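# Analysis of the macromolecular model
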Amino acid sequence: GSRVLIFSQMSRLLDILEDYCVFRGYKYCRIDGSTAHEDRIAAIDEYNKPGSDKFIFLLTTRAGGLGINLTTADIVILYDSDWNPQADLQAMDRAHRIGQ
Amino acid sequence: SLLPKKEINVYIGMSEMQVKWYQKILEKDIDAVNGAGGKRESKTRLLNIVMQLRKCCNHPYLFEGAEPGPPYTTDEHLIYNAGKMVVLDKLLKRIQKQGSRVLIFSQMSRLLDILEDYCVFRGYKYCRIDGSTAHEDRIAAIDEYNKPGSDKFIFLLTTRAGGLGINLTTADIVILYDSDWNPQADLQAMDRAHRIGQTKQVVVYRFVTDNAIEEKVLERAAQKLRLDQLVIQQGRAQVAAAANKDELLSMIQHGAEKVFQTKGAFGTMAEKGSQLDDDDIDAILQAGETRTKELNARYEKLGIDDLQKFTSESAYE
Amino acid sequence: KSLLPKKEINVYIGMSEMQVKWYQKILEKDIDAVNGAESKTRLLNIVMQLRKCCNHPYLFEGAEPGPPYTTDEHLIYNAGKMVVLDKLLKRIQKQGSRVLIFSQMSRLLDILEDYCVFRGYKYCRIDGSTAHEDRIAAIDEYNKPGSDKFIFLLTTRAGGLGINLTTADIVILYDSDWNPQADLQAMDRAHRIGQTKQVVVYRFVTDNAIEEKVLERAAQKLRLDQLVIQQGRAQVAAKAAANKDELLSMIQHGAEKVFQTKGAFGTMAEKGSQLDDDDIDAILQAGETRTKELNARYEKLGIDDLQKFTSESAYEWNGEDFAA
Amino acid sequence: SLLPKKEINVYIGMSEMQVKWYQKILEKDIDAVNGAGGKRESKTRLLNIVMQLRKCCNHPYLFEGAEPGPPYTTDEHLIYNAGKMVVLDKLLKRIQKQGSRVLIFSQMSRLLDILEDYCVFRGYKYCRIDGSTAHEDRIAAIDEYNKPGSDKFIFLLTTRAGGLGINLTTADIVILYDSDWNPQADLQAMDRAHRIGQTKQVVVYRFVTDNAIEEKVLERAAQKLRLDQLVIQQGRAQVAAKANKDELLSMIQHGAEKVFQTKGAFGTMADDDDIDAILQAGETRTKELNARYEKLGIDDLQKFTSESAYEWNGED
Amino acid sequence: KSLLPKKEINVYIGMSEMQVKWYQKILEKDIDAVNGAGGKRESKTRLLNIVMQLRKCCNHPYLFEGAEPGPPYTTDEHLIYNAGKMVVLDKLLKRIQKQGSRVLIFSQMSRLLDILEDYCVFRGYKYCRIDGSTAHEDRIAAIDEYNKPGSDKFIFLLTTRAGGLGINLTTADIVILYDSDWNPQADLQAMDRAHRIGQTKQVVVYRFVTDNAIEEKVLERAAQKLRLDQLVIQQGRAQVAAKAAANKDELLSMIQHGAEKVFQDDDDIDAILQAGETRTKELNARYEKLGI
């Protein structure tokens, strides 16, 4: 019953995970960080909607910005790591913050 | 692994004798007690009342002519005439029974004098650092209590006496007979036994005269302690309020790929083309205010731990 | 009196086909620094050129169609912000509202001057190169009851202290200052004591370009300034000594119960002078309980909820005069 | 058109003679003034002290042996030994000048005896009804004051006989020397001038001894008046607590249109996630409903009587 | 001890396809009163029946005879998916039990508790029941069975009638009002079976409401009845203060006022009326801002 955020340095790796989530029939949203502000607002709220359909959320590590909330997920997977330890540390803090 | 210390407020009452002296102190200057006189009065008058109530919450024998009439003996009245002594007597007894040793701190040296007579009365081996104690003396006092297989049991100190960095990890219990006005002072006295080298769980007991002046004293210090934490935790804010290479690099690279992709006009211009009817403007303003709310409600809620840029971020690679 | 809070709306704007060409040209002429390779002085130039492009291509020389330089509709449709502004001003006038227009670049106000003349918009202007007697002539000519003027062009760092243009209700920040406190001064030329109507502030932001990223970094420093404010309040209260009233509340606490007490007080009354281990276990149990409850009350007071004596905020004007 | 009345408190000091007697009252039972008696104590002991301070705030001559020693003569010290009488003299002097007629009420019949001797000293024509006055007598006193071309100018009355349903609109100024514990009794005296038939503006002047017992008394009556108003305006809240023909129709009709249109299932029927959406949105609608109604008053919740008179359908 | 204020949440529910058919059938078989043709006196009685039949429909179609497929009647999944409230209840109970909470379920209709009884056995929920039936049904025995330490029970089915009898059910923390009583004080008296002295957890009250149907309009009329009842209480309290005579403390504070200070021109005479009227308007302002 857990919900997961998955972070990556490479947007073309998330392209691979997109085809994976379709191959396994997983519901998901995605923020490249090279998306749009309104588009990623929708991706956030749809994942946090009380009663959300989605299960996985595809993210790039430095994408969302500061202080977005994805506490409706409880597990974070860092597919690969940033050079700066804070970028990964802030990726965990999407889930590990006030409201979790 | 150093275990976090256990700090417990032990709320104590007053003996019948203390109530008599507590009433007299309040009575001898009842005008200032009820808040009478001018607002121009210097702080000296009220502060004198605070001192007397503080001494009275410690031990009545700090007032001359209090101890039962001449000749003077050192017996059980030294214990049962002060509520803190009664709680301390069974507390110290239980501390030695479990193989624990204790540091006892106080603000007043005349109270440690009272505790000296208590320790001799009960046959407790003890050491004392006063703040009126020479350097070579307290060195030997530290070593005596820290000697392996030490004879001593209680260590009597004033909250300020020793100085920074002295080590008393051969004790695991700390008893604050009375509290200090600045919380860092009491916190430093706990860290005489709660520091690297301490193996056992440090427990700190703080004697507090419930429903009197010392309970109200304690709330203020707890506030000033909470204030200090907010300052220290926010100490990173002013150094953050220039521009990193990456910060300047992110400003330029932001949306630059989408610009190179574009051959005609950008968003608002490509979709509508430099001509805007009322409906198109209305969407622009509704979309902006919505993005404005979500942006402000996201950042005005943040804390220092999210805004603080690590120094390793400058290590651009 | 009642001063309605200011409504600040970010208006995200695209770029014209001409802007895209120059924006690409700027990125291309120094693609080496854009890629990642060390001096920020090289980057600070790229930033300033991109800001000019987000504002107007005609700020670059040779951009406007060659001589003669004629003022027509091309002054508008070649800049994304101008297209939005022309229709925004058109609606502003229809609803009987007057607008102050600020900018970081005086050469942009020059572009807006040519626009106002081309559209028949009566205007005034304070450039920070404007004499005091010439400033006061523009202030009064704009504020006089039944005034003919409609637009007032000012530089964000014009540096007028205490200038009053409350006869306008709309403020448009054509581009944004790197210090959010400077823009808040420009807002508080209409949104100040004396304003009777709803102040609406439009902040033009070039979407999906450098101006959108600057917008986010401004909110970060804007919040950090609030945190410094709160650290200052918590710092002042922490070093503050007790008042005569604060000392009084400490002395008076429980004084009535002591006068009420004839025998012993509290613990010494509950089980006098000799305490078994069951007595100590009850004191320590309730004592550790009251300690946790006491800490919980104070562990919930954060910087964002501090007793404010002076009511400053990073989201209102500093009173600081920004004459650069 | 009946003009609303102006109510003005006149805060009055006391004379030195009043001060000495105000002290003597508190001195003669300073143990009770300090409140050192038992709770078995009947209200009488403290009520006696209250009455004296009321007598003192009115006029010192109400005490035995207070007025200067024999002989008892009507002089200026009848006016300047009482704080209220000093202000009353100039107020009566100015009211008489502007062609207005005044009703003067009081609690104590022995004070009307003092105003009895005062109006003789000043040459004011007057009437008086004590509440110890006969019926046919107080008809002649009412008519004499209300007869066209009346000689009288002042009307002395106790608050007892004021509230009987009588009519004194021929005067236009009401002076309350002292106030009753029951505020609705003074309002019975104000409504002697301020009622049907009054042609001029009715102004009520209330004499209050500032910084004394009468100032605190004024607050107690001001509370009881506000309490009286709250209970009157919320009175119909109980009959409203005890269904219409229009409510039953709206109850039945609420969703009937949306129901008839349905061809499958209804709103939510047409996952554990599916329950978290309902509970969250249901809590939101609950907040707005409770906030909207729990802030309302009887002006809204009260059903008018004509609301039960279903007549036709505004929207078929 | 700390008794947490109760969280009351309206759970808005739709209707199944079967309910819509019956809800329409009720409205259709009696359209003259619904359209307003009822008249003066006869009409009011006809409308009161339609209300009660719609409430039966909002509860469960099987309350109407001939609704459930003919004899025999077996308890399967059709007992749940044919009623909107049952679907929400089935998953809500699934969450309530999983988080270790025990739930009281109230209802206006005992024949609906009959349906809920068939549901609990169909799902394996241990339960007790009080119908307000005083015929050989000792309600004391079920209370003790539900409160016993380490109890086997999970659900307690009650009629809103039998709830307000001074019975104590503090071992449960969740109350679900399947349907609501017309008198709000009856439901509040039903909530206090769990939310009373003895409760240790946060009491949450779920009120099932059929959205966009008669139950939603009833919900608003209940908010009216609940709020003005508070006003009558406030009037009663305000009534005592107006009838109350002064206490010994009230008399002493009146006497002591200014006692210590005593022991210690027409332009101007007009100033009293200015200074007095200022204080007179000021005095009234303090009390006009009180209100109930």
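Criteria and cut-off values
Residues numbered from 1 in each chain as written, not as in the entry; some residues may be left out. Chains lettered and ligands numbered in written order. Part of a larger assembly, values for the part shown. Heavy atoms only, no water. Helix = DSSP H or I, 4+ residues; strand = E, 2+ residues; numbered from the N terminus. Rg over C-alpha atoms; globule rule 2.2 N^0.38 Å. Buried < 20%, exposed > 50% of the residue type's maximum accessible area, 1.4 Å probe, protein only. Areas by Shrake-Rupley, 256 points an atom, 1.4 Å probe, with all protein chains shown as cover. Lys, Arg positive; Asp, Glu negative; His and termini not counted. Charge placed at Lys NZ, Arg CZ, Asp CG, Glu CD. Core = buried A, V, L, I, M, F, W, Y, C linked by side-chain atoms within 4.5 Å. Contact = heavy atoms within 4.5 Å. Buried area = accessible area lost by both parts, 1.4 Å probe. Salt bridge = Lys/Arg side-chain N within 4 Å of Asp/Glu carboxyl O. Polar contact = N/O pair within 3.5 Å; in protein donor to acceptor, adjacent residues only side chain to side chain. Nonpolar A, V, L, I, M, F, W, Y, C, P; charged D, E, K, R; others polar. Pairing = 2+ DSSP bridges. Right-handed = clockwise from strand over helix to strand, strands pointing away. Patch = residues over 30% accessible without salt bridge, like charges linked within 9 Å, V, L, I, M, F, W, Y side chains within 5 Å. Axes fitted to C-alpha atoms, helices over the stretch in contact; angles between N-to-C directions. Left-handed = near helix turned anticlockwise from the far one by under 90°.

Attention now moves to the overall build of chain C. The secondary structure content of chain C amounts to 13 helices and 6 strands. For chain C, the C-alpha radius of gyration of 30 Å lies well beyond 20 Å, the compact-globule estimate for 324 residues. Structurally, chain C occupies a C-alpha span of about 105 × 55 × 30 Å along its principal axes. Here chain C, with 324 residues, has 52% of them falling under the buried criterion. Just so you have it, chain C exposes about 15500 Å², and 50% of that area is on carbon and sulfur atoms. Side-chain charges in chain C split into 43 positive and 48 negative, and the spacing between the mean points of these groups amounts to 4 Å.

This next bit is on the nonpolar core. Of all hydrophobic cores here, the largest spans 68 residues; its most connected members are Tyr22, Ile154 and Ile175 of chain B. Top element by residues in this core is helix α5 (residues 83-97) of chain B. It accounts for 7 residues. With near-sequence residues (within four places) excluded, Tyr22 of chain B lies in contact with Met14, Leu53, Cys56, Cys57, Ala212 and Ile213 of chain B together with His253 and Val258 of chain C. In this structure, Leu248 and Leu249 of chain B together with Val20 and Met82 of chain C belong to the second largest nonpolar core, which totals 66 residues.

Facing the 105 residues of chain C at the interface are 105 residues of chain B. For the pair chain C and chain B, the summed buried area comes to about 9500 Å², and 67% of that belongs to carbon and sulfur atoms. Area buried by chain C at its contact with chain B is led by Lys244, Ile251 and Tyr298 of chain C, which between them contribute 8% of it. Taken together, the links from chain C to chain B amount to 11 salt bridges. Of the charged contacts, one joins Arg291 of chain B and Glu212 of chain C as a salt bridge, the two residues approaching to 3.0 Å between their closest N and O atoms. Linking chain C to chain B there are 36 residue pairs in polar contact. Looking at the side of chain C that touches chain B residue by residue, the class counts come to 56 nonpolar, 24 polar and 25 charged.

This part takes up the pattern of salt bridges. Evaluation of the coordinates by the stated rule reveals 105 salt bridges over all chains. The residue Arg30 of chain A makes a salt bridge to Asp15 of chain A at a minimum N-O spacing of 2.9 Å. With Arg30 of chain A in strand β2 (residues 28-31) and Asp15 of chain A in helix α1 (residues 11-23), this pair connects stretches of sequence that are 15 residues apart. A relative accessible area of 16% means that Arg30 of chain A is categorised as buried. The partner of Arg206 of chain B in a salt bridge is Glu7 of chain B, and the shortest N-O contact between them spans 2.7 Å. Of this pair, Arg206 of chain B sits in strand β6 (residues 203-209) while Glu7 of chain B sits in strand β1 (residues 6-12), and the two are 199 residues apart along the sequence.

On to the pairing of strand β4 (residues 151-155) of chain C. Two faces make up the sheet, and in a regular strand the side chains alternate between them. Residues and elements named next belong to chain C. By the criterion of burial, β4 is predominantly enclosed, with 5 of the 5 residues buried. Residue alternation in β4 divides its side chains into two sets, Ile151, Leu153 and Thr155 and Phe152 and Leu154, and both sets are buried. Where strand β2 (residues 99-103) and β4 come together, 5 bridges link them in parallel fashion. By the bridge assignment, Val99 is partnered in β4 with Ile151. Where strand β3 (residues 123-126) and β4 come together, 4 bridges link them in parallel fashion. Its bridge partner being in β4, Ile126 is matched across the sheet by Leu154. For the handedness criterion, the β-α-β arrangement of β3, helix α7 (residues 132-143) and β4 is classed as right-handed.

So, about a nonpolar patch on the surface. Taken together, the side chains of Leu89 and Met92 of chain A together with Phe310 of chain B present a nonpolar region at the surface, about 240 Å² in accessible area. Considering the arrangement of structural elements, one finds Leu89 of chain A in helix α3 (residues 85-92).

What follows covers unusual backbone geometry. Residues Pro70 of chain D and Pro71 of chain D are joined by a peptide bond in cis, for which omega reads 5°. The peptide bond linking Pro71 of chain E to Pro72 of chain E adopts the cis configuration, its omega dihedral lying at -5°. By the element assignment, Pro72 of chain E lies in the loop between α3 (42-59) and α4 (78-81). At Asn211 of chain B, a position not held by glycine, the phi torsion is positive, near 60°. Turning to its location among the elements, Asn211 of chain B is positioned in the loop between β6 and α9 (213-233). The exposure class assigned to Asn211 of chain B is partly exposed, which follows from its relative accessible area of 27%. Even without a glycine there, the phi angle at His136 of chain E is positive, about 65°. Looking at the element boundaries, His136 of chain E is found in the loop between β3 (127-130) and α7 (139-147).

As a further point, take the arrangement of the chains. Most contacts, among the 5 pairs of chains that meet, fall between chains B and C. Structurally, chain A and chain E remain out of contact, their C-alpha atoms never closer than 13 Å. Contact between chain C and chain E is absent, and the minimum C-alpha spacing across the pair is 13 Å.

Turning our attention to the packing of helix α10 (residues 213-233) of chain D against helix α10 (residues 214-243) of chain E. Following both chains from N to C, one finds α10 of chain D and α10 of chain E inclined at 145°, their axes separated by 9 Å at the closest point. In this structure, α10 of chain D crosses over α10 of chain E, and the sense of that crossing is left-handed. Two secondary-structure elements touch here, α10 of chain D through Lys224, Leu227, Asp228 and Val231 of chain D and α10 of chain E through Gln235, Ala238, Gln239, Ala241 and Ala242 of chain E. Considering only residue class, the contact of α10 of chain D with α10 of chain E consists of 5 nonpolar, 2 polar and 2 charged.

All names here are of chain A. The parallel open sheet is built from 4 strands, whose spatial order is β2-β3-β1-β4. The outermost strands of the open sheet, each flanked by one partner alone, are β2 and β4 (75-78). Pairs of neighbouring strands in the sheet enclose a mean axial angle of 20°, with direction left out of account. In this structure, strand β1 (residues 4-8) lies alongside strand β3 (residues 56-60), joined through 5 bridges in parallel fashion. If you follow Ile6 over to β3, its bridge partner there is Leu58.

The next point concerns the sheet that holds strand β6 (residues 203-209) of chain D. Residues and elements named next belong to chain D. The strand order β1-β6-β5-β2-β4-β3 describes an open sheet built from 6 strands, whose pairing is parallel. What marks the edges here is a single partner per strand, and that holds for β1 (6-12) and β3 (126-129). Averaged over neighbouring strand pairs, the angle between their axes works out to 20° when direction is ignored. One ladder, built from 4 bridges, connects strand β2 (residues 102-106) with strand β5 (residues 173-176); its direction is parallel. The partner of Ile104 across the bridge, within β5, is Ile175.

Without other data, these values stay purely geometric and don't point to any function.
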